[PDB]
Amino acid sequence: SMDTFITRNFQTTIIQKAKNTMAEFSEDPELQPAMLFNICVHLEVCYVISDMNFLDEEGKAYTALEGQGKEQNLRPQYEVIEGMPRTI
Amino acid sequence: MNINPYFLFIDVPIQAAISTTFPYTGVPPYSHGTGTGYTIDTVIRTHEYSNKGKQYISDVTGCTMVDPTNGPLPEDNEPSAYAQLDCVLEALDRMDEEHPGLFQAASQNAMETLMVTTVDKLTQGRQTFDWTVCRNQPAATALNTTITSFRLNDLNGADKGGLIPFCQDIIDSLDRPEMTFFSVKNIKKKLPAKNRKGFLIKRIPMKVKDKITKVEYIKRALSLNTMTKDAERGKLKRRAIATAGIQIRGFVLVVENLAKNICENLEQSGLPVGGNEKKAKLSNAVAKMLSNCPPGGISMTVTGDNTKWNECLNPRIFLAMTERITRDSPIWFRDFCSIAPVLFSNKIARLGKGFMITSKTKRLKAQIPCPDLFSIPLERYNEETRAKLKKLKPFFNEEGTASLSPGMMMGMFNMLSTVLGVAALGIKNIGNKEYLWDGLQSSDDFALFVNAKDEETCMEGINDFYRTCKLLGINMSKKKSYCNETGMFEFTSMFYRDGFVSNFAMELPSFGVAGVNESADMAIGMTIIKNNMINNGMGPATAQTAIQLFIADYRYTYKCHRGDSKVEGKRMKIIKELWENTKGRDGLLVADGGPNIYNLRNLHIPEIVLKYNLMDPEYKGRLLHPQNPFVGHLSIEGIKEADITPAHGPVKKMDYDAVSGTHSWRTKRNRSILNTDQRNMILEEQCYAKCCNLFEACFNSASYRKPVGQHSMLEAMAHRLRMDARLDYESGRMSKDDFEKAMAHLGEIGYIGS
Amino acid sequence: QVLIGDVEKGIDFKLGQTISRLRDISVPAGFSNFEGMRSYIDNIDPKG
RNA sequence: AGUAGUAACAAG
């Protein structure tokens with residue numbers, strides 16, 4: 001089972017954003033899971049590069065901690081354009 | 001000496017003075033009270049023309065169904081619905097021969113357009129029957145109430161954006177064992193009143209949820225709303241008209257789009273062509289037939305009228321037409337095109353408000369609704385109604401509706417019915433007889449040109465055409481049709497006499513104050529004059545008098561007489577002050593008590609543009625104030641488009657050129673119903689408006705270009721404002737504190753939307 | 001094996017029980033069902 | 001009464 005694989009290994013956010021971008025390109029995830037994986041991996045890798053890399057008031061690159069509130073760090077170093085709806 | 005107005009026709013040919021025969025300064029006829037009498041007439045007549053066909057019970061709705069198609073051929077000259085499939089198919093085959101690849105081309109274009117068509121397309125319709133409230137609402141309202149109600153039954157095909165997945169939900173909804181929908185019910189509060197009855201009933205409508213069974217829903221989805229046609233010209237007696245639901249509109253759109261593609265390429269179609277393009281086409285067709293007349297022979301023109309057109313045409317025939325037209329098409333598209341005719345084949349007519357019974361002695365009146373139509377003995381109805389209801393019985397449903405399988409009461413297949421008419425014209429000859437026929441077809445209107453050796457042989461062709469039409473379910477009116485040697489005829493109220501003559505009277509009611517606003521109405525008024533000079537033979541003397549008449553009407557309508565006039569009025573009091581306070585009075589608009597400077601040469605120039613350089617900079621500053629409170633949220637339609645109502649035809653939109661100013665206002669929505677509190681309905685309207693305005697605040701292009709996306713409005717608005725904020729902070733337009741507040745607020749919004 | 005080793009997306013328009021039955025009883029006099037109507041129109045030459 | 005004209009209004 002291919003569908004069962006992509007469910008367990010990947011995150012719930014990553015799956016949805018992939019299936020929604022596949023729908024925008026008029027492709028069916030439940031019938032063509034070959035594309036579903038490649039988008040999920042490509043999104044995961046994109047999020048790996050962006051994750052926890054922020055910019056402070058002087059414009060310098062620091063990394064945050066999984067726990068620190070979303071009030072402290074407001075400006076990520078990267079803008080993840082991949083995964084967003086076409087028009088956004 | 002006694003004047004006789006008909007004596008004009010001694011000195012002037014009737015066509016040359018045809019305008020004088022149109023009494024379009026008179027009041028057009030309006031209906032009063034119920035349309036049930038007229039609707040029941042249609043239900044009875046429609047069944048009278050098919051009664052010799054197959055009668056059976058629908059195993060879906062339990063309705064009484066009549067099928068005249070492939071029925072017995074008529075033995076009289078009464079309206080016949082007994083169309084022979086074979087003859088229809090032979091007519092369409094002969095069209096396919098004369099237009100090779102047209103049927104597949106039309107089917108391809110129509111299919112490709114459908115694959116590109118989005119759900120919002122259905123908002124471009126007029127008044128639509130809303131099955132959720134069992135009343136007529138605008139197309140955009142009926143669509144919304146259907147989409148939102150469909151969500152309560154796990155039907156979210158609308159969210160995909162394309163028409164096809166929405167249309168998939170529409171046919172799939174017929175399978176749902178029960179349908180939950182958003183309806184409206186009103187709370188009654190009995191108040192005191194200064195009248196005979198002594199009291200009052202104040203209603204407060206509120207949004208509710210209502211549940212209906214599958215059969216109940218199917219009946220609603222198949223149902224037509226019926227009312228009487230008001231302000232129709234050239235007719236002594238009123239007639240019933242019908243409005244279809246929102247469900248069928250998507251399917252009809254594609255079938256009409258298919259028929260349009262065919263009609264466009266048919267030499268004898270007067271549809272979808274209109275105005276000057278039609279005139280040229282007809283004039284060419286007349287010149288052809290004149291030159292192609294056998295020498296020593298005669299050419300004759302039938303000024304053609306069809307009778308019971310809609311009553312006799314049959315959805316089952318259109319179902320066959322869609323089938324034969326989409327021959328070489330993908331099964332899905334053939335199946336798509338098949339649905340509109342199938343829904344019409346099983347359509348149910350709502351019978352309106354019912355009949356009113358009264359006591360002249362006790363001075364009492366009561367409305368008997370359609371469900372209760374047989375709750376009283378038929379002796380208590382008048383002779384006409386007693387007869388109607390007796391003939392209605394077999395087609396009557398318990399819930400006050402009627403089964404109406406045959407006929408096309410709603411219309412909506414004007415192009416496809418034209419294709420059928422052009423099919424008949426396309427036959428040209430029967431049995432290799434010594435005549436040829438051709439013509440023009442615009443829906444139920446036709447002109448037939450017949451060429452032969454003598455008029456006796458021409459009449460044989462007309463008789464063969466008459467008979468051929470009966471086989472397609474088309475009934476030529478012998479009462480309203482007439483024939484003569486080619487040179488003159490009438491077609492869709494256009495009059496030919498060695499060329500098309502002007503018919504000024506047809507356009508006369510359109511010269512009045514349109515009733516959009518004082519800005520638009522000025523442009524519209526002047527444009528109508530300009531266009532009637534070009535098209536409808538209005539000379540310079542009449543054109544100039546029209547300018548005067550229009551300004552007279554405008555000044556009295558908008559109470560905006562000349563500042564130097566001594567006319568009493570609340571507006572006039574301030575106009576008189578504005579007149580005194582202003583130096584450049586030539587610059588003042590007619591609506592501001594200013595002078596009229598319009599003449600023939602400048603009819604096409606917006607009034608503000610004409611007067612701009614003559615205006616006082618204080619007046620010009622006020623008039624054109626960019627943030628004035630009279631102009632609301634303007635749509636691209638709002639500025640350019642205006643619905644103009646001709647004497648003859650459907651209500652069409654016309655373009656006008658006007659500068660946006662304080663006169664470009666809009667009247668309050670008709671939320672002024674007696675003893676009704678609309679507070680709930682108004683809040684719903686204001687909620688959608690708030691959401692749409694704020695969306696336009698984030699996306700300024702929305703007003704101009706249609707926004708695209710299957711994602712939430714909120715998701716789009718949040719992402720935009722998040723970027724706005726970040727790039728306002730990193731540019732130094734927004735302060736560090738404001739950015740923190742913004743991103744904090746956006747964090748709460750981000751949570752609410754997931 | 002699945003990753004290392006593009007189907008044609010045909011347009012989806014399925015007719016349910018109710019609409020199919022409505023179409024079957026929407027046929028001219030002579031036909032048992034719609035399938036019979038579609039075949040006839042497609043296959044027979046109505047010349048003469 | 002009257003308007004009107006195949007059905008209404010003459011307030012709710």
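Chain identifiers are assigned alphabetically (A, B, ...) following the order of the sequence lines, protein sequences preceding nucleic acid strands; residue numbering begins at 1 within each chain. Computation of the quantities below employed the complete heavy-atom set of this structure, encompassing side-chain atoms and omitting hydrogens, waters and symmetry-equivalent molecules.
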Sugar of D/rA7, sorted north or south by the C1'-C2'-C3'-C4' dihedral sign: south

Got a list of protein N/O to nucleotides 7-10 of chain D N/O distances below 3.5 Å?
unit_1, atom_1, unit_2, atom_2, d
D/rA7, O4', B/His32, O, 3.3
D/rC9, OP2, B/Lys365, NZ, 3.1

Secondary structure of RNA chain D in dot-bracket form (Watson-Crick or G-U wobble, distances below 3.5 Å, | marking inter-strand pairs): .((....))...

Whole angstrom value for the distance that separates P of D/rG5 from CZ of B/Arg239: 18 Å

Test item: B/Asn225 and B/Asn136 side chains (from C-beta on) under 4.5 Å apart, heavy atoms: yes

Value in whole Å for how far the P atom of D/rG12 lies from NZ of B/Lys188: 18 Å

B/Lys207 to B/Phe182, cation-pi by 6.0 Å centre distance and 45° axis angle: yes

is_close_aromatic(B/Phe504, B/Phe22), centroid dist under 6.0 Å: no

First of B/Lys194 and B/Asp41 reached from the 5' end of RNA chain D, by closest nucleotide: B/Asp41

5' priority, RNA chain D, between B/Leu674 and B/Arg238 [closest heavy atom]: B/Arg238

B/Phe129 six-ring face occupied by B/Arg135 cation (under 6.0 Å, within 45°): no

Non-hydrogen side-chain atoms of B/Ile241 and B/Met227 separated by less than 4.5 Å: yes

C1'-based separation of D/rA11 from D/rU6 [nearest Å]: 25 Å

Distance, rounded to the nearest Å, where B/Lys197 contributes NZ and D/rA11 contributes P: 11 Å

Whole-Å distance separating the NZ atom of B/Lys360 from the P atom of D/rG2: 13 Å

P gap between D/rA4 and D/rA10, integer Å: 16 Å

Cation-pi geometry met for B/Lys219 and B/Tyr217 (6.0 Å, 45°): no

Pairwise side-chain contact, B/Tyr49 with B/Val66, heavy-atom cut-off 4.5 Å (strictly under): no

Nearest non-hydrogen partners of B/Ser405 and B/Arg316, listed with the distance: OG-NH2, 2.9 Å

Distance between P atoms of D/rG5 and D/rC9 (Å, rounded): 14 Å

Short N-O contact, B/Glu384 and B/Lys388, less than 4.0 angstrom: yes

